[PDB]
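Two forms of a single protein chain come next, each set out by itself as structure tokens; they are called structure 1 and structure 2.
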Structure 1
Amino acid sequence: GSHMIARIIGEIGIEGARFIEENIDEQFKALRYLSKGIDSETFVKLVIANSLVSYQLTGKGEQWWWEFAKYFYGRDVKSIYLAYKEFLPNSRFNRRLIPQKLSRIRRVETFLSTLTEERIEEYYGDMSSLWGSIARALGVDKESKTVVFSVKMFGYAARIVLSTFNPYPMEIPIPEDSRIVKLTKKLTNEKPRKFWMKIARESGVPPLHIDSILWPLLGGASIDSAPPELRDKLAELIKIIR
């Protein structure tokens, strides 16, 4: 139940989430690669834009983020919109709903142009405000999956280029979608937002850091490289969620 899950997640902690994020998560790896091949402001803008079109894919997330990272390394990007107009139709892993996706990028372009290095620093220290402002630029609910995910991926990009760590805000919930609905149904009849927000508050681990832990473990990523105590806690979580 929620109490046992929260206890184990609390023992894993933000420290354990950060371990998975920085050592195992393939989207973090892809971002690290791209961060060496393009200026840091363009990098962050691209990561947000990419997140906002990361729905209803034609591949797995890890394939898609690596396609993005390898595509943009070394490129000279002016307009994010024009870059995606060329990139998406020729991609392998994001071929559906392209006109809709391109229009989202066009709509957020002005907001992205505000992301100087300093503004990125400010948002990394106040990710709740970034969350609301991305949603407002798009005219959408900040609770929506791709807006939440754009904050998550912003957080990865900012950690890399700013070489500092701020935890995700507790108030930003896990991205809601078919895979969290399916996992949660195995565990409980409670609705996912309420369930995971309760677990986050009880464990002290913000929902987006919980998100980092869940998917590699469910997907069979090896936990063997974790030190013995963390490894034990990750093994216990696998017993609950897989």
Structure 2
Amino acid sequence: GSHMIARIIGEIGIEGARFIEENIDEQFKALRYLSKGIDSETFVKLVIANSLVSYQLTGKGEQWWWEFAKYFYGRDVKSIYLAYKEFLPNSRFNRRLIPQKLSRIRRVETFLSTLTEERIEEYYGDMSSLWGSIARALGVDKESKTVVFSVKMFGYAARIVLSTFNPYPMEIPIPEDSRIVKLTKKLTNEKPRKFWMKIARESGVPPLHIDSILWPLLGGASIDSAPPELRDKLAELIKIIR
């Protein structure tokens, strides 16, 4: 329950969350691949846009992020809106609600155009400001699952581009997708936002890093590449959440 999961999340720590992000999560592997075949500014813009349309997918989120990375590798992208207008109808894994998704990309296009490499650096040092900027450009509540998720994925892309790590702000709540919501119901009747913020504050692990611990495992990622000390902690968590 809450007490035991906060203890184990605390023992895993931001250190353990970062290991999972940078070594286990296939989505980071996909981003690393894309980073080697498109310029850094476009890479970061594309990752934010892709996050904001990563919902009502088909198949598995990890397959979608690999499709995105393999598609944009080596492409000459100008308008991100026009790139998604050509990409999404030809997608295997993102075929529903395409006009809705495209209108979201149209709305954030001006904001994305401000992401020079200098500005990307500044935002990685102040991800709370990025969080509000994305929400305001979209015209939505910042608590929205895809908005907080886009901040997480910005942090994946930015650490690759900038060769530095900054932790996600404690105040950014967990992205409430089907994996997180279904797990939360097994554990509690509390709404996931309050539940995981309490665990975050008790453990010292910000909610977006808690997401990195939980979400790959809930999709079936293997923990067997983790070093023994970490792997033993991940196994205790799996027995809790499974």
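FYI, numbering is relative to structure 1, first residue = 1. Heads up, when I say rigid core I mean the largest set of C-alphas that superpose within 1.5 Å between the two forms.
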property: Candidates 67, 26, 202, 177 - which moves between structures 1 and 2, C-alpha at least 2 Å, core fixed; result: 177
property: Core-aligned Cα shift of residue 222 between structures 1 and 2, given in Å; result: 1.9
property: Cα displacement of residue 150 between structures 1 and 2, once the rigid core is superposed (Å); result: 0.5
